[PDB]
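Below is one structure, written out as structure tokens; the observations come after it.
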Amino acid sequence: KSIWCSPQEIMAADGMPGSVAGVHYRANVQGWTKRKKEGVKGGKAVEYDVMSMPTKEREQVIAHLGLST
DNA sequence: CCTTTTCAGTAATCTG
DNA sequence: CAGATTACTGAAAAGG
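In structure tokens, the structure reads:
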């Protein structure tokens, strides 16, 4: 299985830069997987695999998301 | 390592 | 249908 989120959801997670572009930073540098969205205008909108973010970061996102078990 | 600004394309949306 | 606009991000650069 896997999960995906929009930069605004991740950038809002602790441990994350805190800026839409900041996310793209680690994204290309770390090589985050990305699901290209479509229903969103511009079509440039793409989510990133939270299951691919640093283990520590995942907890920030999973906790920011409130998923966990 | 992070922050912020500008640039550009298309995508969907709205009307007569 | 036709024309037109707005709206949405992504990308890069520079500096502390």
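For the entry's author numbering, add 12 to where a residue sits in the first sequence, where the first one is 1.
Don't be surprised by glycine CBs; every beta carbon is placed ideally from N, CA and C.
Only residues of its own chain outside the window of five on either side were considered, and among them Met23 have a CB closer than 7 angstroms to the CB of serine 31, listed in chain order. With fewer than 16 other Cβ atoms from the protein chains shown falling within 10 Å of its own Cβ, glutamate 50 counts as exposed. Comparing alpha carbon positions, the residue from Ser18, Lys13, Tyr37 closest to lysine 56 is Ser18.
Secondary structure at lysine 48: strand, using DSSP grouped into helix, strand and coil.
Rounded to the nearest whole angstrom, the CA to CA distance from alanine 25 to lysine 68 is 11 angstroms.
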